[PDB]
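Just one chain is shown here, as structure tokens, and it is the form deposited in one PDB entry.
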């Protein structure tokens, strides 16, 4: 229970995982700050708290803030993982049977702490069509959705994708705060190693030669959503500097532009590459991850849910480096829900 941090490689990605282990004093400091926020503010995503969240985040332990800041500017990061936060399992109570029942009094402190960590990386956002536009969402298995294509699945693999791949307002980070995970169930993660892929295919993937359609998981805004399915814009899968390209792809919702067989080939080459390159991150209770959604796709393996209140439960959040850029898709300046207007 000493503080430690370091770099865990995956293939050629030398800083793929940045791991921080909290000392017991650091875990207690973070818990005390989250509990004070829960006393003073309405909700982990109420306007009063989110106006202050980026400043309150500055009260987290300094050594942790320095390591999170290094992760924030690492444009080859896959996952920042902060291990060893305090979770009182007894006080938390059972895993709820549905996200609609999961915004519990006992779990508030973990929503506040997830937003505090997240607010070191950017500004938290949610989505009108996802869990009623909650910014702090819940990942837990739902009975009768075992074979579903959403994060409430268990028995079937959650297929890998860039989060909200279709959207110009897609998150920079996806945050996950594990409350319990008795069977050590993993998030799957992959990035592109351009040195494992034919330069010709990489060139095609930088072309605006693909359609990324919304999941059925997804008005001027919702007019844009109907258009995105029926008349999808021609988009690239890779963008930015050749030395540090961003990745945007959905294994289930990406196709080449009509009649572009070459693009179809490059896409299916990339799908097989990322499929073969998938690795896993397991979050024990009190472990928090931020996936760099610019760099990695993510999903989840089949697992065996009991639905007895002991199942895996994460709090989840989306983070943007640039809240202002999505103002056209938000209700007002301070509102954080994409597609609310």
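Residue numbers count along the first chain shown, from 1. Here, rigid core means the biggest group of C-alpha atoms that superpose within 1.5 Å across both forms.
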Using none, 1 to 3, 4 to 9 or 10 or more, say how many deposited residues go missing between residue 218 and residue 219. 10 or more
Tell me which of 8 to 16 and 326 to 334 has the higher mean C-alpha B-factor in the deposited entry. 8 to 16
Would you tell me which stretch averages the higher CA B-factor in the PDB entry, 170 to 178 or 134 to 142? 134 to 142
Name the one of 209, 109, 241, 98 with the greatest CA B-factor according to the PDB entry. 209
For the listed residues 258, 250, 183, 123, which one has the largest C-alpha B-factor as given in the deposited model? 258
For residue 295, return the chain-relative third of its C-alpha B-factor as stated in the PDB record: lowest, middle or highest. lowest
In terms of its chain's C-alpha B-factors, the third that includes residue 61 is the middle
Divide the modelled residues of the chain into thirds by Cα B-factor and specify which third, lowest, middle or highest, holds residue 203. highest
Lowest, middle or highest third: which one holds residue 245 when the chain's residues are ordered by CA B-factor from the entry? middle
When the modelled residues of the chain are sorted by Cα temperature factor, does residue 279 land in the lowest, middle or highest third? lowest
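The form deposited in another entry is left out here; the points below concern that form.
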Shifting its Cα by 2 Å or more between the shown form and the other one with the rigid core aligned, the only one of 96, 224, 133, 245 is 224
